[PDB]
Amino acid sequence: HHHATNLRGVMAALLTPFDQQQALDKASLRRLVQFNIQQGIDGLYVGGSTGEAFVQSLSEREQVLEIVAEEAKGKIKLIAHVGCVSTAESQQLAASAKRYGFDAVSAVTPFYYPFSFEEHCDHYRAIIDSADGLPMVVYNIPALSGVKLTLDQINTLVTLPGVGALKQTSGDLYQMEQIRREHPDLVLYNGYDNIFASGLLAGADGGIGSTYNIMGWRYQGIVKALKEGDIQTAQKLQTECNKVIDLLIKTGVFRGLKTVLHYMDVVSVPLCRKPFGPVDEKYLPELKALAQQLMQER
């Protein structure tokens, strides 16, 4: 864990922009990468849940990884989410992430079909082998994956050879503290943006999140406030983030984010892929206003 500390920080879970025909919008992808760099984000987590990975083909996910590395390699940290249900498919993506010069790979616990804990562990070992030296970020999201690991199971996973971090998308901040207590050196990313400040206090040392695409500097600000013992600033920031997240939960999170980015002149066409539908047009004034505010604040 210690030798992977350079993975610590605040990393945006990158969205994947699509054009009007629902194909990859490469110009908006590049813009979004540059926008994140200019914001001072520590890194990008590519092809995750937020990137709409599970409605893309392997080739499409590869195309995104390739373009992001072209734009960002060596400028900020890059973590390739390569996870699929299939081990072999995940391995293909891990090999591609290596080819493109990513700093790390990551995989969601494979979902849909129930797998035993040992099966989960072998899946990660295989993907780690294919990544040929890139550290692995285990990605735990029980709300969506349906996988219910015990703490002892988590401890085993995060100590497999080659694992350098955990992306913990869980609101159980008792478990967050227990993981920190067991693994003093582990890179531990808070996954739910709406509890970020409280997650850091429990023991997370950074985060990966969808809303960082539009306001990542706020999360950076929370890290700084807490380190400096400025609790009022940390709380006020989290409150502002949560006002934004309330709205995005109403609009739909990925599409609301894309829409804000549209009004920030990053994303040409703010659609998610079917079966996601469009943002209700009623929200456009508020989302326009939020883009405007964030641009003035930034």
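Sequential numbering from 1, following the sequence displayed.
Colleague: Name the higher of the two by mean Cα B-factor in the PDB entry, 75-83 versus 167-175.
Modeller: Per the PDB entry, the higher value belongs to 75-83.
Colleague: Using the B-factors recorded in the PDB entry, average over the C-alpha atoms of 118-126 and of 220-228, then report which stretch comes out higher.
Modeller: Comparing averages over the C-alpha atoms only gives 220-228.
Colleague: Per the entry's Cα B factor values, which of 62, 265, 246, 52 stands out as the maximum?
Modeller: Among 62, 265, 246, 52, the PDB entry lists the largest C-alpha B-factor for 265.
Colleague: Name the third of the chain's ranked CA B-factors that contains residue 276, choosing lowest, middle or highest.
Modeller: Its C-alpha B-factor belongs to the lowest third of this chain's values.
Colleague: Quick check for you: using the entry's CA B-factors within this chain, is residue 146 in the lowest, middle or highest third?
Modeller: Residue 146: CA B-factor falls in the middle third of its chain.
Colleague: Which third, lowest, middle or highest, does the C-alpha temperature factor of residue 289 belong to within its own chain?
Modeller: It falls in the top third of the chain.
Colleague: Could you place residue 88 in the lowest, middle or highest third of its chain by Cα temperature factor, using the values in the record?
Modeller: Lowest third.
Colleague: If you rank the chain by CA B-factor, which third does residue 157 end up in: lowest, middle or highest?
Modeller: It falls in the middle third of the chain.
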